[PDB]
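Next up: a single chain in structure tokens, the form solved without the RNA.
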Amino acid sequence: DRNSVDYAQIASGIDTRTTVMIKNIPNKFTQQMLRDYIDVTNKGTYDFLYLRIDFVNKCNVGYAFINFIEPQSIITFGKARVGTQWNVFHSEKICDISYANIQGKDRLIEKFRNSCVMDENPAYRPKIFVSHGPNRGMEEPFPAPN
């Protein structure tokens, strides 16, 4: 449907959405593990990342928000990973993606900057990264509440 990812439509320039949900994430995956996993194929290509952690059992919610700087980077990630197993914790789960209903680094910042997660352990908060220029991909401090 509307949120299904179609690499052919990205390549031809008729869908320029950039924000994607990474799905079927094994329970015990950490945000650090996900950052490293994405960076195997997609280092420097994204500027927002958030894998929500349930603090009461250190299990994640099973899906992550990622905003790619250029939509074509969705093809890089999806052609490498979608349909393959996470191969951790003896999980049977398989990586998959769909488009998010919220789109864009700016919207994602506004969505989380005033939210409760910014007041819990700063290690597991949403992250943003420099979108352009020589330092593209470097983590940026998350904007303060407004």
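Just count from 1 along the sequence shown to find any residue number.
One more form of this protein exists, namely the form deposited with the RNA bound; it is left out here, but the text below deals with it.
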Indicate whether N27 is a 4.5 Å heavy atom neighbour of the RNA in the entry with it bound.
-> yes
Is there a non-hydrogen atom of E92 within 4.5 angstroms of a non-hydrogen atom of the RNA in the entry with it bound?
-> yes
Decide whether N101 counts as a contact residue for the RNA in the entry with it bound under a heavy atom distance cut-off of 4.5 Å.
-> yes
Would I69 sit within 4.5 Å of the RNA in the entry with it bound, counting heavy atoms only?
-> no
Only one of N121, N57, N87, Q32 has a non-hydrogen atom within 4.5 angstroms of the RNA in the entry with it bound; which is it?
-> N57
Would you say all of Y7, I75 and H132 touch the RNA in the entry with it bound, counting a heavy atom within 4.5 Å as a touch?
-> no
Of the residues spanning 47 to 82, the ones with some heavy atom within 4.5 Å of the RNA in the entry with it bound are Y50, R52, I53, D54, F55, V56, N57, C59, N60, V61, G62, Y63, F65
